[PDB]
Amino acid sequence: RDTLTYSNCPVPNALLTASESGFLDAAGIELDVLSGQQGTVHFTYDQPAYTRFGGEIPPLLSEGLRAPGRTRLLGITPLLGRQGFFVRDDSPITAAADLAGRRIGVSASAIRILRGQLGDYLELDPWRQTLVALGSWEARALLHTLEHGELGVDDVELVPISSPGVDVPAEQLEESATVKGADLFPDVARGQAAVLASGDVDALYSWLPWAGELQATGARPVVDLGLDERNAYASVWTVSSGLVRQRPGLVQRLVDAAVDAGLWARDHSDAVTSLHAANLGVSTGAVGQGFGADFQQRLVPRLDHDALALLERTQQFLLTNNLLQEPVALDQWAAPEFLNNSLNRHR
């Protein structure tokens, strides 16, 4: 078995599907989940045989600011589902306009972006720059939400809180060599529910299957952003550049497995929901809510122009907010030959 280091991200994707359903093993490949908790002191993307299929912000910063060329983009899969600023079911807030003067719990990272005060960003180290940039999820979601009430950032009270994936890095929320994802991911929704229940803040940002579990406790989004694609993100599948250069045959087998798993997913929707649910430690209903209706039909990786435009939109938000100086050349980052060759087997 060819072994690749890996990070299990909480987004719907064909790599996890291939690994969990048997396609990867059939391709002679196995994934070795990385354990990169604080103390690792090493940038994951710099590993020689590392692959990840998840949020695009960290890879965009790695390619656009820190170390261009370390990874190649194999494919994209959109992400959109239950998303928004949740409030207690019995909260007096029922419309976006009601957020005026209310306490909006957000990460310190999101506050820096929302106030346009990045302070020590450019001269900040790579991992911390990334943590700041991850505040983008809350920041863009809040701006979009406030538009519905014709409100501005100055019309609400921003309260610093811990946001999953931002203050608590993914390295502490994803499966490790000794800890399963089901024993770290679920706690997040319970924590968000506890924060809202305490009434210490009026609203907080939730998405992914976390939002599904959170809404089950009664909480509700002021504005459900999952209904508008301007809130979607482009999950990106990356692999170490060295692997593409030295072992294209292995990379081709890897992509073929994911493509085949994506095709298989179309005929095994429930199975796909379950494997994602089992790895997150959440209910199947939460997965459906967090990842969207029929997401199981859209897992074959993409590099078409609409997918690239989605990824471009995310980096444009980073650029507009000075989280990036210049845009990543997406086309050159991509290694389109693999996905194309893979799809050609079925054409």
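For every residue, the number given is its place in the sequence shown, counted from 1.
Between 119 to 127 and 155 to 163, it is 119 to 127 that carries the larger average Cα temperature factor according to the deposited entry. Mean CA B-factor, 31 to 39 versus 315 to 323: the higher value falls on 31 to 39. Highest CA B-factor among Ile104, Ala261, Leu208, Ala177, as stated in the entry: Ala177.
The PDB entry assigns the greatest CA B-factor among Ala216, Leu143, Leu74, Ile113 to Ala216. Among the modelled residues of the chain, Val255 sits in the lowest third by CA temperature factor in this PDB entry.
When the modelled residues of the chain are ordered by their C-alpha B factor, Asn231 lands in the lowest third.
When the modelled residues of the chain are ordered by C-alpha B-factor, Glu138 sits in the lowest third. Split the chain's modelled residues into thirds by C-alpha temperature factor. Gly249 is in the middle one. Ranked by C-alpha B-factor against the other modelled residues of its chain, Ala286 falls in the middle third.
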